[PDB]
Amino acid sequence: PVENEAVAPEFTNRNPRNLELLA
Amino acid sequence: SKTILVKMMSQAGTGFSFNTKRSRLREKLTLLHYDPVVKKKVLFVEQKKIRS
Amino acid sequence: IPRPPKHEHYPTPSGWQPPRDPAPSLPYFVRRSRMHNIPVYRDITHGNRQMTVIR
Amino acid sequence: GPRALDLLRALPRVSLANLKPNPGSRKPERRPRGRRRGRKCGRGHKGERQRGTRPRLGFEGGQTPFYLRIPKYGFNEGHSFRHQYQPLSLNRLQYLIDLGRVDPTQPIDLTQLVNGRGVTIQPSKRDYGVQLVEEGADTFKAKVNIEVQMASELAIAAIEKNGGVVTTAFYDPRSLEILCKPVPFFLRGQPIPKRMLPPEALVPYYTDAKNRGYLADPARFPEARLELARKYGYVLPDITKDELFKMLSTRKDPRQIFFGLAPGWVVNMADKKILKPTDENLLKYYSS
Amino acid sequence: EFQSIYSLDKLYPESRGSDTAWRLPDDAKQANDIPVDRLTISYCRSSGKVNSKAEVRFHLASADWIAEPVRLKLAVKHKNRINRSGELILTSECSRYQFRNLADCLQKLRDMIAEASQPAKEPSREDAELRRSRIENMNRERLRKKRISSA
Amino acid sequence: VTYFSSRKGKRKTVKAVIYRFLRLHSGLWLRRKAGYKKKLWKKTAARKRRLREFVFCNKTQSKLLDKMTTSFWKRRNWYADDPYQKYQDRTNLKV
Amino acid sequence: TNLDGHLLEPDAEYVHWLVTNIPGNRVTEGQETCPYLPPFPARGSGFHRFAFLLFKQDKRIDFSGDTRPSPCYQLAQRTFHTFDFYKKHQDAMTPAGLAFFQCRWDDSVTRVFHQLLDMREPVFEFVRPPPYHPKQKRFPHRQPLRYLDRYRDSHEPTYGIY
Amino acid sequence: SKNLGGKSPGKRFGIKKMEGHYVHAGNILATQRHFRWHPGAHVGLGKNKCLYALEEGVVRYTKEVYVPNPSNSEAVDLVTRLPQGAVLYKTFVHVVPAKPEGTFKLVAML
RNA sequence: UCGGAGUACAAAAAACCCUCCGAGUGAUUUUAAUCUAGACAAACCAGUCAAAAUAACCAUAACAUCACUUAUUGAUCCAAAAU
Ligand SMILES: [Mg+2]
Ligand SMILES: [Mg+2]
Ligand SMILES: [Mg+2]
Ligand SMILES: [Mg+2]
Ligand SMILES: [Mg+2]
Ligand SMILES: [Mg+2]
Ligand SMILES: [Mg+2]
Ligand SMILES: [Mg+2]
Ligand SMILES: [Mg+2]
Ligand SMILES: [Mg+2]
Ligand SMILES: [Mg+2]
Ligand SMILES: [Mg+2]
Ligand SMILES: [Mg+2]
């Protein structure tokens, strides 16, 4: 298949402001 | 200083009564309550006297 | 109890499946139920002892 | 196989002199005799317990009982008059059809279900028949002329998808007993009675085409079937041009209990004959 | 053959034949909306919660049973649920029965078709979660308002 | 409780239990909180809600009520539009 | 550098625009090692960070391992580690400039995923842990009738044998 | 005789969850008659001075400075009468959250 | 019968015809809702807290407050209202 198609469904966002901005 | 128990009926049309304590030496009571039928602040007036 | 009708495709929509025409060469035979079902059941004892019974 | 039979050859004769029950099958009784089981014999010291004068179960020693301090609320109020309907899964119906208990080639009735042992109806326990549930509607692949008392909307949709006929009818307790056990009724020696109409609480249910009521207007059946098919996204089968259209469209009169038989007939099973009344008053009463 | 006073024929004399209830009134419904035969329906029975994922896929561009403005409105509004191949996809997960799941998918499809067909859509927007977005856009264009030529 | 009746020789049941209790087929007994209609003007809204809520019974009370009632009240009932038909059975009980 | 948004490796980062050997201020004159790629944050996970790192160098650094091809549309090739980059070229460059912005998904990210990256747009969501419930009791004492609904798998009626 | 009414059961006013105990949301950490333990992070205060955890985590107890509400006249008077170098200290109970707020899970590729 | 302090010095509980205070409610307006996780306490009956979500008020609170605030209260059944 496509080499870039890999997803790793456990996505981790390391941004400390991510949840603060998502409220 | 004896109080009184009075049943108030809503004036929003729907039949909804609640009991409250009032002083005997007071006039006919009239307050603002919450009517669950219409979910709004409704004027309630004293309708009946139940307990002394 | 009537014998089950023959179907053109197995397993049946209800999941029932008849036994093989020749018996297996194993030295044991699990006879079918009178309703033509496998005699494997579950049993409960004391309210927490769970068991499986092959008859 | 049964090696016990070959083992029995060496063993002596099996007679009444050598018989033993299974171990643990009969727990031995114990009597208040001896040093251990005597001396108050498991009753205790003085009081009411040793003299056998205890109060009743609900008594708590003069305290207001738990089963009496709880306020009365209607939980079983009118329980003996609520209508009860034995559920019949589409999965169970398919299982019966596959195993041959009921034949789809004939109109399926409560009598047929009882004969095939798929359901058990106890009219004395206020059962009013069989209702249809949708617990196995995904894998239902049979075309039958089902005849129940209540039917779920999804069960009706599942049956119409395969191309059957669902009809919900009412049975008063007497006719329900007769349907469940026709042979005892035929040995009872009484004429077949008329089928009582449903009460006012059940008339709307049985006069609506959405529930496939047996008293409903047949002109509104195709509209309801089309609405059902459009809701559940399946094509409505061409039932009219089917080979078994007669079997699919066979129906019972609202005053009729059995198929073919009529109220007032006496089934003499010993001589294999049917006696039909001819009096004008009797015929009017039975057909009214 | 037995007939009684409460029989269906006597109750409703307009329809007396035994085959009047099994007709197909094709004239009553001639629009023939939602051609289910032209929709790709797939089932996934996930058990271990026990539920039947129902997926309904259909090419929005090739769907000729709805008008061009309706197709354009679905393309504009529901682009979040449109595959890269142009296949609009509908999801149902609520009920354990694939019948009910397909019914939910078809109801969502009908609702979208009606919403795009009605011209009186005022595009009303919620305010509980939109005030934050409005404030953020306000403060972002407050910085964007710089006017210097480039490129 | 009459363990042996004088007419039929059967076991009788006390009607108070069935008048103020409900038994689910799983064995649980459902009851109303005592005092839920008494002096509602004197009680807080939270207390009134707690009194209005239905409550269960523990093992001792359940066994007592089972002793008082007969086998007709422990049967499986299929009522028309039964409010408690969903609660008649117990699911995911790991014991 | 795209700090957050790598689909596979949590500890890795993406490249978007690498220009090297910039003479003074004229960045356009300097050679570009990595062609510019527009931000492509996933639809579910929002507010990614993109950092502009500026390094001042004394010598003219020349390399071949960090060079990217002309298309440079492969996420496998666009995998970066600023720590490794600075460890490799630590002697010459020194960081002196910083410019970072937050970025969330919009209507152009799907076009970037489809036309440029040639893939299917991934969609995420912020799921929450299931509510905690104690071990179910055989006889729940004084519990509401809704106690049995806390341990129900589905709100459907199952008829086991009927 | 002359003394009456002295009998009354204890109210069980005490501490329910100690330091290091893993609590869930809504668990009553400690109940009290007067303010002995003050709530801190992720610990809510009921109408009857009881302390309940608001998040699932680990209970901790700390000694921290006490800045009262400026509308509290009694505490403000106490503060304004405190000497120059004096700072009030109180025992606060905290809940340190353990599980993350949530997770980003892939649902579908569109 | 209910509550506070000591007995019972530091988690909880703990008795006496032990030593002392009290309660069987007042005043005022902010007239204080529904539904539901998880908990305290408890032989049972009863008593207590409470996150999230809902309709009305600031579009930033609603736990009614004070009198040591803790006690100011009574189960079923049965009778009455307007349910
Ligand atoms: Mg058994
Ligand atoms: Mg013995
Ligand atoms: Mg004996
Ligand atoms: Mg002995
Ligand atoms: Mg002796
Ligand atoms: Mg004694
Ligand atoms: Mg003796
Ligand atoms: Mg007494
Ligand atoms: Mg039965
Ligand atoms: Mg004391
Ligand atoms: Mg005591
Ligand atoms: Mg405890
Ligand atoms: Mg809240």
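Reading the values: the criteria
- Residues numbered from 1 in each chain as written, not as in the entry; some residues may be left out.
- Chains lettered and ligands numbered in written order.
- Part of a larger assembly, values for the part shown.
- Heavy atoms only, no water.
- Residues with missing side-chain atoms left out of burial classes, pairs and counts.
- Pairing = 2+ DSSP bridges.
- Helix = DSSP H or I, 4+ residues; strand = E, 2+ residues; numbered from the N terminus.
- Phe/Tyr/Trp six-rings, centres within 6.5 Å; stacked < 30°, edge-to-face > 60°.
- Buried < 20%, exposed > 50% of the residue type's maximum accessible area, 1.4 Å probe, protein only.
- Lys NZ or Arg CZ within 6 Å of the ring centre and 35° of its normal.
- Contact = heavy atoms within 4.5 Å.
- Axes fitted to C-alpha atoms, helices over the stretch in contact; angles between N-to-C directions.

Going by the header, the method for this PDB entry is cryo-EM, and the resolution given is 3.2 Å.

Chemist: What am I meant to see in the sheet that holds strand β1 (residues 22-23) of chain H here?
Modeler: For sheets, the rule is that strands pair by backbone hydrogen bonds, running either parallel or antiparallel. Residue and element names in this part refer to chain H. Ordered in space as β1-β6-β7-β3, the 4 strands form an open sheet in which the pairing is mixed. Edge positions in the open sheet fall to β1 and β3 (38-39), since each of these has one partner strand only. In this structure, strand β6 (residues 57-65) lies alongside strand β7 (residues 89-97), joined through 9 bridges in antiparallel fashion. Counterpart to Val58 in the pairing with β7 is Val96.

Chemist: It is not clear to me how the packing of aromatic side chains should be interpreted in this structure. Could you clarify?
Modeler: Given two aromatic rings, their pairing is described by the distance between the two centres and the angle made by the two planes. Taken as a whole and judged by the stated rule, the model has 33 aromatic pairs over all chains. Judged by centre distance (5.1 Å) and plane angle (90 degrees), the rings of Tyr205 of chain D and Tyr206 of chain D are edge-to-face. Take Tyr205 of chain D and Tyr206 of chain D: they sit in the same class, and that class is buried. When the ring of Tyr147 of chain G is compared with that of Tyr151 of chain G, the centres are 5.2 Å apart and the planes differ by 55 degrees; the resulting orientation is tilted. Given a relative accessible area of 12%, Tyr151 of chain G falls into the buried group. An aromatic cluster of three or more residues is present, and its members are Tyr85, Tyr128, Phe170, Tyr205, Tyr206 and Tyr214 of chain D. The ring of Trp265 of chain D carries the charged tip of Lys276 of chain D above its face, separated from the ring centre by 4.1 Å. In this structure, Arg43 of chain G packs its charged tip against the face of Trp105 of chain G, placed 5.9 Å from the ring centre.

Chemist: Quick question: what am I supposed to make of the sheet that holds strand β1 (residues 84-89) of chain D here?
Modeler: Residues and elements named next belong to chain D. Here 3 strands make up an open sheet; going across it, the order is β1-β2-β4 and the pairing parallel. The outermost strands of the open sheet, each flanked by one partner alone, are β1 and β4 (150-151). Looking at chain direction, β1 and strand β2 (residues 127-133) are connected through 5 bridges and run parallel. Residue pairing for β2: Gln86 is matched across the bridge by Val130. Packed on one face of the sheet, helix α3 (residues 90-99) meets β1 and β2 and runs near 60 degrees to β1.

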